[PDB]
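Peer 1: Have a look at the structure that comes next, please.
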Amino acid sequence: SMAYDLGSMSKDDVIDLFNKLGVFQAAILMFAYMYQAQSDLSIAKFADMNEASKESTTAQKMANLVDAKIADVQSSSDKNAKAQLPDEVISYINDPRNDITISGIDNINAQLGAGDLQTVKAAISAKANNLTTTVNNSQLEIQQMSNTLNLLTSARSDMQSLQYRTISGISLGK
Amino acid sequence: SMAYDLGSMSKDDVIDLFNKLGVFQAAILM
Amino acid sequence: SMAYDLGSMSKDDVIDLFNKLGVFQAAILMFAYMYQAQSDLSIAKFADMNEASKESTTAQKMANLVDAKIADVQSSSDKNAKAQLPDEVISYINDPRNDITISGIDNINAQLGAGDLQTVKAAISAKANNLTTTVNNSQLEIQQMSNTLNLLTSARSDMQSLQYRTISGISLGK
Amino acid sequence: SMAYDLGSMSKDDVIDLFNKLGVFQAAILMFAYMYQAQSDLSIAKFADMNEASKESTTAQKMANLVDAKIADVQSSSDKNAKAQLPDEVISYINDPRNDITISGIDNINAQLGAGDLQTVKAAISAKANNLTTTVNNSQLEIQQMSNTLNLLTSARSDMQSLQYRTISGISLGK
Amino acid sequence: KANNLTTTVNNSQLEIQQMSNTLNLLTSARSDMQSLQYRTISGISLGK
Amino acid sequence: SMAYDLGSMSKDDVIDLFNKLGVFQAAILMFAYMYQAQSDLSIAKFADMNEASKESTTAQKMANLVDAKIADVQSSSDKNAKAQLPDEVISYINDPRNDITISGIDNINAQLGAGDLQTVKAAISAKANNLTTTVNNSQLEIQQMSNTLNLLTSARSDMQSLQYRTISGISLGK
């Protein structure tokens, strides 16, 4: 995102680089690279919480499909065992990366009642309730990331204002 | 009726599960 | 779970480590390690109570299988001695880690009536009633674990806010 | 950690030293040495609490080894007296600097049952519960250390800004 | 171990204070010297 | 436990000491010494109740040794007069600081039956029942000690916060 990739250069090359630049712009690169490192940490943290919110929204969508299915087997004039999950919910449960053990009953797709479909809806919409484990776990870190990242923007800036005011005092030909 | 089916997981899996969650929500699941 | 593994370093190495860091982040590591130790104690306590609830649910499942078996020898037109426990309940009783002495009668699997199967159901579903011995034994400890763990989160945080406000007061080039 | 070791120089040498320096940098050395003294006090305090957390984590590790040992003598088909502590736990108890009187029973290593091994596990994991005696004892001190140490950083800094602004007002050749 | 950008901001803010102040305070003093050196020699008129 | 030993200094020396310190830290020493005096009273009270619990546990141990001895003269095929107390119980009764008049019978150690050994067991385990005389006598005192000691911690602390906030308002060179 910047000109010089200080992530590979050794120390005796970083020093010669900073000597090629000034003394104020060595400070500005040092602060800009520290800001990039801190922002990368914080953003890689923020993408571990969108995982939780993505799981919650997909689970809620599946639970709402199962509710839409129940709202036609509850209004069924016959005995309330003529029902199947919509074809996308089956692929939701059968997928391995969810650990969504629900029924303990044989042969999904044929067929689960209307009073045992409530168990499926409850076991799907119980894994949607995971937005407090990611607020309890991530409030003393965002504390420090947010404080440091501001504390470093406002230090990079001080350096830029000083760099301007130092060179403004040189008058040519006077 | 809940998310995690602690009726099958062994002890060394329940402990790792509770470590994945917090300390207060381990108590709430228990 | 953290960067520095203070569990092995001696005291004269911990002091030099804390000197390498600041004075505020020495406090933050000390509080973070104390929080890890307290949370490990409390969670290792919470996994000794899921043992009790796991035992209760397995015992209830076995008792319900025995009830399902009785509900067919009670409706039996003949004399009510044609019954066997389902093959999983036999392995439940015969397993050594349960201490589930039940009948005092010979040759399970062939065969126990329908009025002495009530004894098996009662002796299985009497070991499912163990959720008060683990509430009487564990209420003056969760008291202190819950108080301390909060009292230490809210002390780690105070340290972080002070660390931020101390460095915000340094103005560069002014 | 600094240039001048004011810890040995007498008063009539400190005064001559401060006269060799300026009036503002005498203040900066005085505040820097006061900051070092305060940080040394606070860090030597913070390394008396990692002792408590280190003891807690080692005790918890030993208790977990004893639990791993019980989980094989509880599942033992025979009578539950075939068990020995793992060789590291013996050296944990037998070490003198722990005061870990546990059993009151003869001849550890041969051999302690499986229902009296619970006493060993309880007496080991009862000395792991020592993170509240070091929070009750050390909260009105960290109060003052944290307040003073900030109050002194922010006073050293004021001195540096004034030192800058005083010399900026001297214009050469005008 | 990637979370170590605050131990190097807590440790290095009262030093950059003084380095940044002095380094400016010395550029702007070197310059004053150069302007005076110019204006001193400009006042010598040859052959007048 | 603190720097200045105000327990010996007269009043006209305490006043000069407090003048050497500030006005806020005179208050902090006064509250810290009052806290030490109150904690010493309360702890010297708490060690007069461990005396009662120590007596109860030793008496219970002796009574259990006498029960272990009876459990072999009750199972004796002969007449139930072949029994002696174990050598530690004799030294328990014969010690003067217990007032444990038990039998009123001649020549202990040779020998007391098995139906008059019940008298010894009862007279030993009747002096173990002394944990209510030390709860009736010590509940309106712990009331006041616990209230005052908190009421004084939370007053020492208020002083420390004010001491911090008073000096934070002095800006150098502005």
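Ligands are numbered from 1 in the order shown, chains are lettered A, B, ... in the order of the structure tokens, and residues start at 1 in each chain.
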Would you pick out the contacts of stretch 51-67 of chain F at 10 Å or less, using only C-alpha atoms, so that residues sharing its chain but fewer than 5 positions from it are not included, and give the list as a list in words?

Peer 2: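 Non-adjacent residues within range: residues 46, 72, 84, 85, 86, 88, 89, 90, 92, 93, 98, 117, 118, 120, 121, 122, 123, 124, 125, 126, 127, 128, 129, 130, 131, 132, 133 and 134 of chain F.
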
Peer 1: Would you return as a ChimeraX atom specification the members of stretch 15-148 of chain A that DSSP assigns to helix (DSSP H, G or I) on this structure's backbone?

Peer 2: /A:15-20,24-46,50-70,87-94,96-98,117-124,133-136,140-148

Peer 1: Atom CA of residue A:166 and atom CA of residue E:25, how far apart in Å?

Peer 2: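 Computing it gives 8.4 Å between the two atoms.
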
Peer 1: Compare E:16, E:36, E:5, E:44 by their minimum atom-to-atom distance to chain C, counting only C-alpha atoms, and give me the closest one.

Peer 2: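 Comparing E:16, E:36, E:5, E:44 against chain C, the winner is E:16.
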
Peer 1: For residue C:115, list every protein, DNA or RNA residue within 10 Å, evaluated using only C-alpha atoms, and leave out those in the same chain fewer than 3 positions away; present the list as an NGL selection string.

Peer 2: :C and (70 or 73-74 or 80-81 or 112 or 118-120)

Peer 1: Just the selected residues (N, CA and C atoms), exported as a PDB file, in the first residue's frame, please.

Peer 2:
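Output contents, as saved in out-v7.pdb:
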```
ATOM      1  N   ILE C  70     -41.922 -51.931  28.601  1.00  0.00           N
ATOM      2  CA  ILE C  70     -43.052 -52.327  29.442  1.00  0.00           C
ATOM      3  C   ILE C  70     -44.380 -52.069  28.737  1.00  0.00           C
ATOM      4  N   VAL C  73     -45.643 -55.249  27.223  1.00  0.00           N
ATOM      5  CA  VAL C  73     -45.821 -56.458  28.014  1.00  0.00           C
ATOM      6  C   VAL C  73     -46.939 -56.197  29.011  1.00  0.00           C
ATOM      7  N   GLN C  74     -47.287 -54.924  29.189  1.00  0.00           N
ATOM      8  CA  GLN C  74     -48.499 -54.593  29.927  1.00  0.00           C
ATOM      9  C   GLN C  74     -49.739 -54.813  29.073  1.00  0.00           C
ATOM     10  N   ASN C  80     -48.040 -61.707  31.977  1.00  0.00           N
ATOM     11  CA  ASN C  80     -47.078 -60.643  31.693  1.00  0.00           C
ATOM     12  C   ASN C  80     -45.650 -61.047  32.044  1.00  0.00           C
ATOM     13  N   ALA C  81     -45.198 -62.205  31.558  1.00  0.00           N
ATOM     14  CA  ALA C  81     -43.777 -62.552  31.610  1.00  0.00           C
ATOM     15  C   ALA C  81     -43.358 -63.014  30.220  1.00  0.00           C
ATOM     16  N   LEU C 112     -37.390 -61.151  32.329  1.00  0.00           N
ATOM     17  CA  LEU C 112     -37.899 -60.512  33.545  1.00  0.00           C
ATOM     18  C   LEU C 112     -39.296 -59.945  33.308  1.00  0.00           C
ATOM     19  N   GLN C 118     -40.458 -53.176  36.464  1.00  0.00           N
ATOM     20  CA  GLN C 118     -40.629 -51.902  37.146  1.00  0.00           C
ATOM     21  C   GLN C 118     -39.480 -51.636  38.103  1.00  0.00           C
ATOM     22  N   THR C 119     -38.934 -52.686  38.719  1.00  0.00           N
ATOM     23  CA  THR C 119     -37.772 -52.508  39.583  1.00  0.00           C
ATOM     24  C   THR C 119     -36.567 -52.019  38.792  1.00  0.00           C
ATOM     25  N   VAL C 120     -36.344 -52.580  37.605  1.00  0.00           N
ATOM     26  CA  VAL C 120     -35.240 -52.123  36.769  1.00  0.00           C
ATOM     27  C   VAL C 120     -35.442 -50.673  36.361  1.00  0.00           C
TER      28      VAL C 120
END
```

Peer 1: Counting only C-alpha atoms, a student should be able to say which residues of chain D come within 10 Å of chain F; what is the right answer, written as a ChimeraX atom specification?

Peer 2: /D:139-141,143-144,146-148,150-152,154-163,165-166

Peer 1: Got a sec to pull out which chain B residues are within 10 Å of chain A, counting only C-alpha atoms, and send them as a list in words?

Peer 2: residues 1, 2, 3, 4, 5, 20, 21, 22, 23, 24, 25 and 26 of chain B

Peer 1: Could you dump the residues just selected with N, CA, C and O atoms as a short mmCIF file (atom, residue, chain, number, x, y, z; two decimals), in the first residue's frame?

Peer 2:
```cif
data_model
loop_
_atom_site.label_atom_id
_atom_site.label_comp_id
_atom_site.auth_asym_id
_atom_site.auth_seq_id
_atom_site.Cartn_x
_atom_site.Cartn_y
_atom_site.Cartn_z
N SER B 1 -32.88 -28.78 22.10
CA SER B 1 -33.54 -27.51 22.35
C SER B 1 -32.54 -26.36 22.37
O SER B 1 -32.92 -25.19 22.37
N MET B 2 -31.26 -26.70 22.40
CA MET B 2 -30.18 -25.73 22.40
C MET B 2 -29.19 -26.03 21.28
O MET B 2 -29.36 -26.97 20.50
N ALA B 3 -28.14 -25.21 21.22
CA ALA B 3 -27.19 -25.29 20.12
C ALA B 3 -26.27 -26.49 20.26
O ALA B 3 -26.15 -27.30 19.33
N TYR B 4 -25.61 -26.63 21.40
CA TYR B 4 -24.58 -27.64 21.59
C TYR B 4 -25.15 -28.83 22.34
O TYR B 4 -25.78 -28.66 23.39
N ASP B 5 -24.93 -30.03 21.81
CA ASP B 5 -25.46 -31.26 22.39
C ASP B 5 -24.41 -31.91 23.30
O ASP B 5 -23.79 -32.91 22.96
N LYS B 20 -13.58 -22.31 23.78
CA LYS B 20 -13.98 -21.55 22.61
C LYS B 20 -14.97 -20.45 22.97
O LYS B 20 -14.85 -19.33 22.48
N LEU B 21 -15.94 -20.74 23.83
CA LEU B 21 -16.83 -19.73 24.36
C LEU B 21 -16.08 -18.93 25.43
O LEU B 21 -14.87 -19.08 25.62
N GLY B 22 -16.79 -18.09 26.16
CA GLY B 22 -16.19 -17.30 27.21
C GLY B 22 -16.10 -18.06 28.51
O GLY B 22 -16.06 -19.30 28.54
N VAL B 23 -16.04 -17.32 29.61
CA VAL B 23 -16.15 -17.88 30.93
C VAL B 23 -17.56 -17.74 31.50
O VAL B 23 -17.99 -18.60 32.27
N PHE B 24 -18.28 -16.68 31.14
CA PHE B 24 -19.66 -16.49 31.57
C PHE B 24 -20.64 -17.32 30.76
O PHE B 24 -21.62 -17.84 31.31
N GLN B 25 -20.40 -17.47 29.47
CA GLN B 25 -21.31 -18.28 28.68
C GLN B 25 -21.04 -19.77 28.79
O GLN B 25 -21.95 -20.57 28.53
N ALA B 26 -19.85 -20.18 29.23
CA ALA B 26 -19.71 -21.55 29.68
C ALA B 26 -20.62 -21.82 30.86
O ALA B 26 -21.30 -22.86 30.91
#
```

Peer 1: Please report as a tab-separated table every residue of chain E lying within 10 Å of chain C, along with the nearest atom pair and their distance in Å (one decimal), using only C-alpha atoms.

Peer 2:
```
residue	atom	partner	partner_atom	distance
E:1	CA	C:3	CA	4.8
E:2	CA	C:3	CA	8.3
E:3	CA	C:3	CA	8.2
E:4	CA	C:3	CA	9.2
E:6	CA	C:25	CA	8.4
E:7	CA	C:21	CA	5.9
E:8	CA	C:21	CA	8.3
E:9	CA	C:167	CA	8.2
E:10	CA	C:22	CA	6.7
E:11	CA	C:22	CA	6.2
E:12	CA	C:167	CA	9.8
E:13	CA	C:170	CA	6.8
E:14	CA	C:170	CA	6.9
E:15	CA	C:172	CA	9.7
E:16	CA	C:172	CA	7.2
E:17	CA	C:172	CA	5.0
E:18	CA	C:172	CA	8.2
E:19	CA	C:173	CA	9.0
E:20	CA	C:173	CA	5.8
E:21	CA	C:173	CA	5.1
E:22	CA	C:173	CA	8.8
E:23	CA	C:173	CA	9.5
E:24	CA	C:173	CA	8.0
E:25	CA	C:173	CA	9.5
```

Peer 1: Write the residues you've just listed into a file as a JSON list (two decimals), in the first residue's frame, and include N, CA, C and O atoms for each of them.

Peer 2:
```
[["chain", "number", "residue", "atom", "x", "y", "z"],
["E", 1, "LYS", "N", 1.74, -13.11, 19.26],
["E", 1, "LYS", "CA", 3.01, -12.40, 19.24],
["E", 1, "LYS", "C", 3.03, -11.33, 18.16],
["E", 1, "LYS", "O", 4.00, -10.58, 18.04],
["E", 2, "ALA", "N", 1.96, -11.23, 17.37],
["E", 2, "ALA", "CA", 1.80, -10.16, 16.41],
["E", 2, "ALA", "C", 1.23, -8.89, 17.02],
["E", 2, "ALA", "O", 1.15, -7.88, 16.32],
["E", 3, "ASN", "N", 0.83, -8.92, 18.28],
["E", 3, "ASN", "CA", 0.17, -7.79, 18.92],
["E", 3, "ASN", "C", 1.16, -6.98, 19.77],
["E", 3, "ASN", "O", 0.97, -6.78, 20.96],
["E", 4, "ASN", "N", 2.22, -6.48, 19.13],
["E", 4, "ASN", "CA", 3.28, -5.79, 19.85],
["E", 4, "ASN", "C", 3.55, -4.39, 19.30],
["E", 4, "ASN", "O", 4.70, -3.96, 19.22],
["E", 6, "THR", "N", 1.95, -1.67, 20.69],
["E", 6, "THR", "CA", 1.70, -0.70, 21.74],
["E", 6, "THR", "C", 2.82, -0.64, 22.76],
["E", 6, "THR", "O", 3.01, 0.40, 23.39],
["E", 7, "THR", "N", 3.59, -1.71, 22.92],
["E", 7, "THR", "CA", 4.77, -1.63, 23.76],
["E", 7, "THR", "C", 5.84, -0.74, 23.16],
["E", 7, "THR", "O", 6.71, -0.26, 23.89],
["E", 8, "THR", "N", 5.80, -0.50, 21.85],
["E", 8, "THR", "CA", 6.75, 0.38, 21.18],
["E", 8, "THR", "C", 6.16, 1.74, 20.87],
["E", 8, "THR", "O", 6.82, 2.55, 20.23],
["E", 9, "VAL", "N", 4.94, 2.01, 21.31],
["E", 9, "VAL", "CA", 4.39, 3.35, 21.34],
["E", 9, "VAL", "C", 4.36, 3.90, 22.76],
["E", 9, "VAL", "O", 4.48, 5.11, 22.96],
["E", 10, "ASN", "N", 4.21, 3.03, 23.75],
["E", 10, "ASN", "CA", 4.32, 3.50, 25.13],
["E", 10, "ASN", "C", 5.76, 3.85, 25.48],
["E", 10, "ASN", "O", 6.00, 4.79, 26.24],
["E", 11, "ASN", "N", 6.72, 3.11, 24.94],
["E", 11, "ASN", "CA", 8.12, 3.27, 25.28],
["E", 11, "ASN", "C", 8.81, 4.40, 24.53],
["E", 11, "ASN", "O", 9.91, 4.79, 24.91],
["E", 12, "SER", "N", 8.20, 4.91, 23.46],
["E", 12, "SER", "CA", 8.90, 5.79, 22.54],
["E", 12, "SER", "C", 8.04, 6.99, 22.15],
["E", 12, "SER", "O", 7.89, 7.30, 20.98],
["E", 13, "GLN", "N", 7.44, 7.66, 23.13],
["E", 13, "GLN", "CA", 6.71, 8.88, 22.84],
["E", 13, "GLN", "C", 7.26, 10.09, 23.57],
["E", 13, "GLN", "O", 7.02, 11.22, 23.12],
["E", 14, "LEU", "N", 7.97, 9.91, 24.68],
["E", 14, "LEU", "CA", 8.63, 11.02, 25.35],
["E", 14, "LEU", "C", 10.05, 11.22, 24.85],
["E", 14, "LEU", "O", 10.70, 12.19, 25.23],
["E", 15, "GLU", "N", 10.54, 10.31, 24.02],
["E", 15, "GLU", "CA", 11.81, 10.51, 23.34],
["E", 15, "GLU", "C", 11.64, 11.18, 22.00],
["E", 15, "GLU", "O", 12.37, 12.12, 21.69],
["E", 16, "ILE", "N", 10.68, 10.72, 21.20],
["E", 16, "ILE", "CA", 10.42, 11.36, 19.93],
["E", 16, "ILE", "C", 9.98, 12.80, 20.12],
["E", 16, "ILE", "O", 10.29, 13.66, 19.29],
["E", 17, "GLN", "N", 9.29, 13.10, 21.23],
["E", 17, "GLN", "CA", 9.08, 14.46, 21.69],
["E", 17, "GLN", "C", 10.35, 15.28, 21.56],
["E", 17, "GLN", "O", 10.41, 16.24, 20.79],
["E", 18, "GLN", "N", 11.39, 14.88, 22.29],
["E", 18, "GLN", "CA", 12.60, 15.68, 22.39],
["E", 18, "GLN", "C", 13.44, 15.62, 21.12],
["E", 18, "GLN", "O", 14.02, 16.64, 20.74],
["E", 19, "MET", "N", 13.54, 14.46, 20.48],
["E", 19, "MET", "CA", 14.27, 14.38, 19.22],
["E", 19, "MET", "C", 13.65, 15.28, 18.16],
["E", 19, "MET", "O", 14.36, 16.04, 17.49],
["E", 20, "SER", "N", 12.33, 15.23, 18.00],
["E", 20, "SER", "CA", 11.66, 16.07, 17.03],
["E", 20, "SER", "C", 11.77, 17.54, 17.38],
["E", 20, "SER", "O", 11.94, 18.37, 16.49],
["E", 21, "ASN", "N", 11.66, 17.90, 18.66],
["E", 21, "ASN", "CA", 11.81, 19.31, 18.99],
["E", 21, "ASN", "C", 13.23, 19.80, 18.72],
["E", 21, "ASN", "O", 13.41, 20.83, 18.06],
["E", 22, "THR", "N", 14.24, 19.08, 19.20],
["E", 22, "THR", "CA", 15.62, 19.52, 19.03],
["E", 22, "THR", "C", 16.02, 19.60, 17.57],
["E", 22, "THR", "O", 16.71, 20.54, 17.15],
["E", 23, "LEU", "N", 15.59, 18.63, 16.76],
["E", 23, "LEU", "CA", 16.08, 18.55, 15.40],
["E", 23, "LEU", "C", 15.56, 19.73, 14.57],
["E", 23, "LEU", "O", 16.31, 20.33, 13.78],
["E", 24, "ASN", "N", 14.30, 20.10, 14.78],
["E", 24, "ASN", "CA", 13.76, 21.34, 14.23],
["E", 24, "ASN", "C", 14.48, 22.56, 14.79],
["E", 24, "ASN", "O", 14.82, 23.49, 14.05],
["E", 25, "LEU", "N", 14.69, 22.58, 16.10],
["E", 25, "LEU", "CA", 15.27, 23.73, 16.78],
["E", 25, "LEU", "C", 16.69, 23.99, 16.31],
["E", 25, "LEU", "O", 17.22, 25.07, 16.55]]
```

Peer 1: As an exercise, work out the distance from atom CA of residue C:87 to atom CA of residue B:12 in Å and give it to one decimal place.

Peer 2: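 Atom CA of residue C:87 sits 28.1 Å away from atom CA of residue B:12.
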
Peer 1: Just give me the gap between atom CA of residue D:35 and atom CA of residue D:145 in Å, one decimal is fine.

Peer 2: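 Atom CA of residue D:145 lies at a distance of 10.8 Å from atom CA of residue D:35.
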